[PDB]
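Enquirer: Here you go, one structure.
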Amino acid sequence: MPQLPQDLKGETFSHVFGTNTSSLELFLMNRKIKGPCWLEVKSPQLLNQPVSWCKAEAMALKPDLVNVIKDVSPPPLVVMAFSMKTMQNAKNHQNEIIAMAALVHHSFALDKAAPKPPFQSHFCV
Amino acid sequence: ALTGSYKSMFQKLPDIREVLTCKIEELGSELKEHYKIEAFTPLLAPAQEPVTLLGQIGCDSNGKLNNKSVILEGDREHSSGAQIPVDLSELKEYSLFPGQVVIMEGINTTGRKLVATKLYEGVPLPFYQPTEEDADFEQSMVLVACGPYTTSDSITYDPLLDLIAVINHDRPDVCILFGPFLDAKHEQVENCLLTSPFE
């Protein structure tokens with residue numbers, strides 16, 4: 001439904017708050033998500049069709065259905081560094097991509113000293 | 001347009017700055033409303049797509065501005081005064097002069113040089129809207145002349161007089177006369193040989 005103007009005023013109200021506040025923030029707060037963490041999602045639903053290149057998807061009808069559970073370990077993260085090379089075109093203006101070379105590590109410990117070396121797998125195109 | 005002598009004769013760099021910036025912003029602000037561009041790009045932010053900068057030309061040295069050395073110094077509000085030289089090789093029709101508030105469109109990928117693609121044409125102000133009273137006035141004839149009003153080897157002001165006479169003969173409605181009445185450059189005046197006080 002439409003969004004009320006910011007300076008909306010009238011007969012019974014001198015001012016109105018909450019107009020343009022994003023759903024992102026409304027969520028984050030309502031549920032008290034304090035950034036990265038574990039979140040329990042109750043009564044998950046299935047998407048007729050996927051919406052993300054992620055290996056697993058699930059949806060929650062109402063936000064109150066998402067909460068946080070602080071009592072479980074932090075899953076290391078999937079990293080990738082990547083230097084790239086380019087070249088300006090002889091003809092005109094463009095800067096072509098003539099290479100890339102990522103580095104990777106499928107297990108980066110957020111809460112532990114960095115891995116040595118920093119990457120297991122890697123490559124270059 | 002000013003009536004008294006002045007307000008001063010002492011300037012605060014912190015303000016000349018303020019000026020030169022408004023200069024560019026203002027015009028810009030309106031040039032943007034005319035050609036209806038959507039947003040100027042910082043002269044320092046690189047990008048592959050074509051951009052529309054806002055700035056004022058300027059030379060990069062103490063000499064005669066030229067096709068090579070041109071440069072654009074953006075405004076404060078967008079490019080917090082950054083200077084990026086300009087590449088014209090790729091520009092067809094252009095008229096440039098130092099200080100020329102200009103809107104340019106070209107490509108700056110590295111953000112260290114803009115290859116101009118288009119130089120918007122300057123836009124002037126509307127002309128005066130005549131009230132009905134001004135169409136009720138009759139023909140007038142304005143003379144107009146500007147000094148020096150004397151020969152560079154005499155203080156006769158001869159021409160001055162001739163003028164006068166001519167003013168009379170033709171009986172003009174208005175005679176707008178441009179200084180120098182007493183030429184700061186007239187030989188005798190600069191070597192202060194005159195026996196009379198300037199005033």
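Enquirer: Could you list, ordered by first residue, the pairs with Cβ atoms under 8 Å in which the first is in region B:175-198 and in contact (Cβ under 8 Å) with a residue 12 or more places away in the chain and of a type in the set (A, V, I, L, M, F, W, C) and the second is surrounded by fewer than 14 Cβ atoms within 10 Å (Cβ to Cβ) and assigned to a loop (DSSP other than H, G, I, E, B), at least 6 apart or interchain?
Expert: From region B:175-198, the pairs are B:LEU182/B:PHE198.
Enquirer: Out of region A:69-125, which residues are surrounded by 10 or more Cβ atoms within 10 Å (Cβ to Cβ) and among the hydroxyl-bearing types (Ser, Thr, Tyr)?
Expert: Hits for region A:69-125 are A:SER83, A:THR86, A:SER107, A:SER121.
Enquirer: Same structure again: Sort through A:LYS42, A:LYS32 and tell me the only one that's surrounded by 10 or more Cβ atoms within 10 Å (Cβ to Cβ) and closer than 22 Å to A:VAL72 by Cα.
Expert: Within the list A:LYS42, A:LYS32, the selection yields A:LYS42.
Enquirer: Another question about this same structure. Looking for something assigned to a strand (DSSP E or B) and either among the basic types (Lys, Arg) or surrounded by 15 or more Cβ atoms within 10 Å (Cβ to Cβ) (or both) - is there at least one such residue anywhere in region B:3-18?
Expert: No; the residues of region B:3-18 include none that is assigned to a strand (DSSP E or B) and either among the basic types (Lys, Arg) or surrounded by 15 or more Cβ atoms within 10 Å (Cβ to Cβ) (or both).
Enquirer: Can I ask one more? Tell me whether region B:137-155 contains one or more residues that are surrounded by 14 or more Cβ atoms within 10 Å (Cβ to Cβ), within 24 Å of the chain's Cα centre (by Cα), of a type in the set (A, V, I, L, M, F, W, C) and more than 14 Å from chain A (Cβ to nearest Cβ). Give the steps one after another, and end with the answer.
Expert: Taking region B:137-155 and keeping what is surrounded by 14 or more Cβ atoms within 10 Å (Cβ to Cβ), we get B:143, B:145, B:147-150, B:155.
Pick out the ones that are also within 24 Å of the chain's Cα centre (by Cα) and you get B:145, B:147-148.
Imposing the further condition that a residue be of a type in the set (A, V, I, L, M, F, W, C) reduces the set to B:145.
Okay, now just the ones that are also more than 14 Å from chain A (Cβ to nearest Cβ), so B:145.
So far as region B:137-155 goes, yes, one or more of its residues are surrounded by 14 or more Cβ atoms within 10 Å (Cβ to Cβ), within 24 Å of the chain's Cα centre (by Cα), of a type in the set (A, V, I, L, M, F, W, C) and more than 14 Å from chain A (Cβ to nearest Cβ).
Enquirer: For a quick check of your reading of the model, give me the residue pairs whose first member lies in region A:72-99 and is within 14 Å of chain B (Cβ to nearest Cβ), whose second is in a loop (DSSP other than H, G, I, E, B) and among the β-branched types (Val, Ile, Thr), with beta-carbon atoms closer than 9 Å and at least 6 apart or on different chains.
Expert: Short answer, once both residue conditions are applied: A:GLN88/B:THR109; A:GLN88/B:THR110; A:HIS93/B:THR109; A:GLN94/B:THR109; A:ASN95/B:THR109; A:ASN95/B:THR110.
Enquirer: How many residues are of a type outside the set (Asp, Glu) and either part of a loop (DSSP other than H, G, I, E, B) or within 14 Å of another protein chain (Cβ to nearest Cβ) (or both) if we restrict to region A:100-120?
Expert: Selection size over region A:100-120: 11.
Enquirer: Scan region B:3-23 and tell me whether some residue there is touching a strand residue (DSSP E or B) at 6+ places or on another chain (Cβ under 6 Å) and more than 14 Å from chain A (Cβ to nearest Cβ).
Expert: No; the residues of region B:3-23 include none that is touching a strand residue (DSSP E or B) at 6+ places or on another chain (Cβ under 6 Å) and more than 14 Å from chain A (Cβ to nearest Cβ).
Enquirer: Continuing with the same structure: If B:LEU31 satisfies all but one of (1) away from chain A (no Cβ under 14 Å); (2) closer than 25 Å to A:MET87 by Cα; (3) of a type outside the set (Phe, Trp, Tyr), what's the number of the condition it fails?
Expert: (2)
Enquirer: Mind checking which residues of region A:48-84 are assigned to a loop (DSSP other than H, G, I, E, B), farther than 20 Å from A:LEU110 by Cα and under 19 Å from the mean Cα position of the chain (by Cα)?
Expert: Correct list: A:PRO50, A:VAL51, A:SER52, A:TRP53, A:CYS54, A:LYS55, A:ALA56, A:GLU57, A:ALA58, A:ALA60, A:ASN67.
Enquirer: If you don't mind, another one. Among the residues of region B:173-192, is any aliphatic (A, V, I, L, M) and in a helix (DSSP H, G or I)? Lay out the reasoning, then the answer.
Expert: Taking region B:173-192 and keeping what is aliphatic (A, V, I, L, M), we get B:174, B:176-177, B:182, B:184, B:189.
Keeping just the survivors that are in a helix (DSSP H, G or I) gives B:189.
Taking every residue of region B:173-192 in turn, at least one turns out to be aliphatic (A, V, I, L, M) and in a helix (DSSP H, G or I).
Enquirer: Sort through B:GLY122, B:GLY111 and tell me the only one that's assigned to a loop (DSSP other than H, G, I, E, B), in contact with a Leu (Cβ under 9 Å, 6 or more places away or on another chain) and under 17 Å from B:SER29 (Cα atoms).
Expert: B:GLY122
Enquirer: Which members of region B:59-80 meet the condition of being of a type outside the set (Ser, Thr, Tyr), buried (at least 17 other Cβ atoms within 10 Å of the Cβ) and closer than 19 Å to B:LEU44 by Cβ?
Expert: B:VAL70, B:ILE71, B:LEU72, B:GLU73, B:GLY74, B:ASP75, B:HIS78
Enquirer: A follow-up question, please. Tell me, yes or no, whether region B:84-93 has at least one residue that is among the polar types (S, T, N, Q) and either surrounded by 10 or more Cβ atoms within 10 Å (Cβ to Cβ) or away from chain A (no Cβ under 14 Å) (or both).
Expert: no
Enquirer: Of B:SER69, B:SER79, B:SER61, which residue is among the small types (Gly, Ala, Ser), away from every other protein chain (no Cβ under 14 Å), in contact (Cβ under 8 Å) with a residue 12 or more places away in the chain and more than 19 Å from B:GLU26 (Cβ to Cβ)?
Expert: Numbers: B:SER79 fails: more than 19 Å from B:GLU26 (Cβ to Cβ); B:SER61 fails: in contact (Cβ under 8 Å) with a residue 12 or more places away in the chain.
Just one listed residue meets the conditions, B:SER69.
Enquirer: Tell me, please, whether a residue that is away from chain B (no Cβ under 14 Å), aliphatic (A, V, I, L, M) and without any contact (Cβ under 8 Å) to a residue 24 or more places away in the chain can be found in region A:28-43.
Expert: Filtering region A:28-43 for residues away from chain B (no Cβ under 14 Å) gives A:28-43.
After this cut, where a residue has to be aliphatic (A, V, I, L, M) as well, the list is A:28-29, A:33, A:39, A:41.
Among the residues that remain, those that are also without any contact (Cβ under 8 Å) to a residue 24 or more places away in the chain are: A:28-29.
Yes, there is a match, as at least one residue in region A:28-43 is away from chain B (no Cβ under 14 Å), aliphatic (A, V, I, L, M) and without any contact (Cβ under 8 Å) to a residue 24 or more places away in the chain.
Enquirer: I need the full set of residues from region B:94-116 which are of a type outside the set (S, T, N, Q) and away from every other protein chain (no Cβ under 14 Å), in order please.
Expert: B:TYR94, B:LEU96, B:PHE97, B:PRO98, B:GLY99, B:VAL101, B:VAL102, B:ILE103, B:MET104
Read-outs throughout are calculated quantities, based only on the coordinates presented, and are distinct from any laboratory measurement. Note that we place each Cβ from the backbone using ideal geometry, even for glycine, and neighbour counts take in every protein chain shown.
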